[PDB]
Every structure is written in C-alpha cells, then in structure tokens.
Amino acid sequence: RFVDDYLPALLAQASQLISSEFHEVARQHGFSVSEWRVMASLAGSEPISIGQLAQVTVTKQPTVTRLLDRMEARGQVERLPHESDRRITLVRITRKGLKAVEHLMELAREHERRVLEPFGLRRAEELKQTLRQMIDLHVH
C-alpha cells in the first residue's frame, strides 16, 4: 500500500498526532495553537522577520500579520523596523510574552522527552538531525 510508506504522509501523520497532544496542554493554559507557536518561536531569539516567523510557525504570512496585530495589542510581542530594508519588519517577544509562555515551554520539553524516550537518545538525535537537514535543504 503506497500510503503506508510514503514519506510526506508519514511526516504529516506523526506531526499531527504529536502536536495535537501538546495543543491540549496549551489550551488548558489559555493559549491558542497560533499564540503558542509564535511565542515559543520567539522565546530566546533575536528579532526575526515576519517571513521567517511565518516559515518556522508553518502559518501563512497574512494570518501571522493579523495574529501579531492582536498579540502586539496585548503587549506580548513587538514589531520593529529592519535596520536597513524598508521592506522588512522584524518581530520579537516581550518580557510579558516570555513570562506568559515560560512554564508552558517547560511542559513542552517534558512532553517531547516522553515522546522520544522509547526511541533512545541515538534514534532521537538522528531523527532531529535528519529533520533539520531536510528543512534547511527545502526552505525558500
């Protein structure tokens, strides 16, 4: 059966199943999926472009811009001009956003550890390395 070992189907199912487990925790802590993705992606990061944020959060850019309108209104993120290009807007998490998301990030790390524990450190690191290499080869 083609679909049983078709890579894009395997990636999508694993991603949906693992993510859906953590989304229940995020909601119990008052976060939407998109708010969790944005704050977790900006935590501990230097300011990044809207386009970079859209790529790492797998969210369409117009959706990200609307999300940032409301997250900035709530003081959780800040948009700022690029030091050179008028075309580029950068975005950062604020202290308020970081404090709001820190505990959830620790829960996310615990959930990830539980997901990866049956595989062992070797297989877990190999998976993460392969995924990172694939992203870096296919990102635009």
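Residues carry their position along the shown sequence, with the first being 1.
In all of the other compared structures of this protein with flanking residues present, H103 is modelled, so it falls below the one-third mark for missing coordinates. In the other compared entries of this protein that model both flanking residues, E35 has coordinates in every one, well short of a third left out. A summary of the deposited B-factors shows that, of 118 to 126 and 21 to 29, the stretch with the larger mean C-alpha value is 118 to 126. Of the two stretches examined, 88 to 96 and 104 to 112, the record assigns the greater average C-alpha temperature factor to 88 to 96. Each of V58, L67, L80, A40 has a CA temperature factor in the record; the biggest one is found at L80.
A73: CA B factor in the middle third of modelled residues in this chain (values from the PDB entry). Ranked against the other modelled residues of its chain, the C-alpha B-factor of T63 as given in the entry falls in the middle third.
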